[PDB]
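With ideal geometry, Cβ positions are generated from the backbone for all residues, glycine too; neighbour counts draw on all protein chains shown. Bear in mind that the values in this text are calculations on the coordinates, not laboratory data.
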């Protein structure tokens with residue numbers, strides 16, 4: 001009558017982490033810095049676009065003025 | 001060219017020209033001019049909303065030059081830079097230079113090599129940095 005039976009106990013392997021808290025924090029800090037740099041680039045790019053738009057009008061005005069002056073001088077000369 | 005540009009308050013081009021001049025002077029073993037230019041450029045860029053993030057790098061370069069002149073000079077320069085720029089105390093360059101100083105203070109070459117390799121693994125070193133590091137290693 002040496003017929004034995006058993007029961008079982010369970011253990012849980014550690015969840016997936018303990019490497020997600022050293023590279024993670026550095027990743028977040030770098031992401032924040034990149035976000036700030038992107039915001040600054042946004043602002044600078046908008047300012048540059050405004051300045052180019054401003055330049056356009058003066059360019060067109062000088063072109064028109066020179067063309068009209070040349071035509072007038074030619075007309076009077078002949 | 002740098003003097004001409006600075007005469008017209010052209011800071012960016014003058015800074016780039018001074019950077020090239022300091023680099024070439026360092027290549028020729030003229031450490032004083034290189035450190036002076038690097039310190040000036042770093043201080044100038046510290047007070048900008050865009051260039052601020054680069055202010056660390058220049059300092060590191062200057063610090064390397066100090067290591068060529070002497071050890072305690074480099075340590076004092078590091079202390080001065082950290083006091084002037086507290087955020088410099090978290091950058092990888094400061095940690096690398098601290099580790100190199102610790103290894104170099106006890107005639108330890110193995111730890112020097114391990115730290116150099118560990119840092120180079122993350123980012124590839126350029127000819128200037130690797131040559132300066134080889135010189136420092138050859139010193140002792």
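Would it be correct to say that residue B:16 is surrounded by fewer than 17 Cβ atoms within 10 Å (Cβ to Cβ) and out of contact with any strand residue (DSSP E or B) (no Cβ under 8 Å at 6 or more places or on another chain)?
Numbers: surrounded by fewer than 17 Cβ atoms within 10 Å (Cβ to Cβ): yes; out of contact with any strand residue (DSSP E or B) (no Cβ under 8 Å at 6 or more places or on another chain): yes.
Against the criterion (surrounded by fewer than 17 Cβ atoms within 10 Å (Cβ to Cβ) and out of contact with any strand residue (DSSP E or B) (no Cβ under 8 Å at 6 or more places or on another chain)), residue B:16 qualifies.
Among the residues of the stretch A:53-68, are any within 14 Å of chain B (Cβ to nearest Cβ) and either in a helix (DSSP H, G or I) or within 30 Å of residue B:90 (Cα to Cα) (or both)? Before the answer, list the steps.
Step one: filter the stretch A:53-68 for residues within 14 Å of chain B (Cβ to nearest Cβ), giving none.
Checked against the condition, which is being within 14 Å of chain B (Cβ to nearest Cβ) and either in a helix (DSSP H, G or I) or within 30 Å of residue B:90 (Cα to Cα) (or both), the stretch A:53-68 yields no hits at all.
Which condition does residue A:36 not pass, out of (1) more than 14 Å from every other protein chain (Cβ to nearest Cβ); (2) part of a helix (DSSP H, G or I), if it passes all the others?
Of the numbered conditions (1) more than 14 Å from every other protein chain (Cβ to nearest Cβ); (2) part of a helix (DSSP H, G or I), the odd one out for residue A:36 is (1).
Sort through B:49, B:86 and tell me the only one that's loosely packed, with under 13 Cβ neighbours inside 10 Å and within 14 Å of another protein chain (Cβ to nearest Cβ). Quick ask: steps written out before the conclusion?
Details: B:86 fails: within 14 Å of another protein chain (Cβ to nearest Cβ).
None of the other options fit; the residue is B:49.
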